[PDB]
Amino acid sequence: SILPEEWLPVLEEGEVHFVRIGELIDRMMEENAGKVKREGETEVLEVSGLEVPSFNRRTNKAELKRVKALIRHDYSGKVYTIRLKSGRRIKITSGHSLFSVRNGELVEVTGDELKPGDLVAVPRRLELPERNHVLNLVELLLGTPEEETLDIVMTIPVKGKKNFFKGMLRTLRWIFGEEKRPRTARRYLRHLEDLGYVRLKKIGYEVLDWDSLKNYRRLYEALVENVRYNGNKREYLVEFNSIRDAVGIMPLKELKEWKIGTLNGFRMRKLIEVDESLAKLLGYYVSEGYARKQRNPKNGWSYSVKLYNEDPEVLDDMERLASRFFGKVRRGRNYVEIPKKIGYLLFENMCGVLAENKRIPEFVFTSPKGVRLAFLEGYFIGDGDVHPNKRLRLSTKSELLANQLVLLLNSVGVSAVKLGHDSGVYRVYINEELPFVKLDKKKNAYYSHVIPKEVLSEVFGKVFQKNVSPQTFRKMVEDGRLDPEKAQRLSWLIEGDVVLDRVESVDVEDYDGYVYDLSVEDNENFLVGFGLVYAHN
């Protein structure tokens, strides 16, 4: 079984989240108490909607799988913290199995069996889904403290909507039988049909969804009561907070027409399509971005976002990207500033404010590779890791970020990764080429670009000078240096999506508490631990 605090990458409805397995399993069981069957000390809760990354037991390739159930045993015994030479770490009970090698094949080795030196399976790359994402600033802000969206408003041109609100309400009230049929009735009944609520008929109409109409009415009731007119710009206005408890009802069809921001400041389009510029912009922020709130004039609240960097070229690119989504921007000595409330809000909720809370936005993990790489590039460049003379060294105070980076890298084919945490800081080391950074993996190679000599030794019965890269392995096969028939025993290691990391230390403790586990469809395994480690379900 896995311990409570162990991180676990999971996918829900197509999105990737990092959760502490205990928190996930405890929360689920509490909200589904009834369905939780129990056989003494064990508690099993079948579920759907969850998916975890695993590897095919036969081909060993990366593939996502359904999580059949969540399990919880009350445990009293020994727990082992397994530390890999790569930096990965995983704490498990004595009978939990991880994957090691025995005679060229992947076998299971229990926690109470693992010793320093043993080879442990770990990801070479991951196969996460790919889709285009669309940000929704409304939902985003609805997840924000009202005290932070005080000056936020939602404007809309008065053009085609001459008194639309009060006019729609009247039709609704009429629909609910509280008024005589309005004069502009059909101009609205169509819109409703367009939204799917009503079925316009030759003669009158037929209400399709009362419950929905009720919320829609509730929405317009809120609009009429709060929408003001701004003679100045000829548009309708609404203070966000005044309709927070209803705006979420606004159908997307209608949302498109609105804008959101401040009255005398930057106004944004509510629905944003995630593209590479945005991702790379966010990358810049996650690494070198600082969001501030200083008091100013009437002591208390001018918001801004600065993107630091000591090199002109970079600052030029940030300035280019920042202004690409937030209009006019301010250049500085060593930074680029976006002094806009809604930009500040967007970045705050997307990536976090404090360094130790910085994080990769969720949509990045399952976006097309072009976008994942765009983010990574914005992050690396900003962090100043584009001109290396050896392996890169990324530092963060956010352990979430460290884990996310590792998963994001794996998802784009980078496997030569290492970890560390030394003094309130997490480090992610990378020793292999990236489309935007040249690095020689052959030089001081990492475990991922090497076939353990014990494995070769065992499989081929020969004794090997040193370690061979998978590249030099394929070659030795093609010109008889390696027996091709024996060599096939390792096709899973050369052809699969797994590499062998090695146990450095093992710590044993006595534990009294809840331990967890999962049941994974088909493969019966999943990723857990700091840095991601394959564990048998």
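So that there is no doubt, residue numbering starts at 1 and follows the sequence shown.
For the pair 289-297 and 250-258, the record assigns the higher mean C-alpha temperature factor to 289-297.
As recorded in the PDB entry, 464-472 is the stretch of 464-472 and 55-63 with the greater mean C-alpha temperature factor. Of the residues listed, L315, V134, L405, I243, the entry assigns the biggest Cα temperature factor to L315. Residues shown: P129, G413, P435, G95. Highest C-alpha temperature factor in the entry: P435. In this PDB entry, the Cα temperature factor of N357 sits in the middle third of its chain's modelled residues. In the deposited entry, the Cα temperature factor of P123 sits in the bottom third of values across the chain's modelled residues.
In the deposited entry, the Cα temperature factor of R324 sits in the middle third of values across the chain's modelled residues. Sorting the modelled residues of the chain by their CA temperature factor places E485 in the middle third. When the modelled residues of the chain are ordered by their C-alpha B factor, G49 lands in the middle third.
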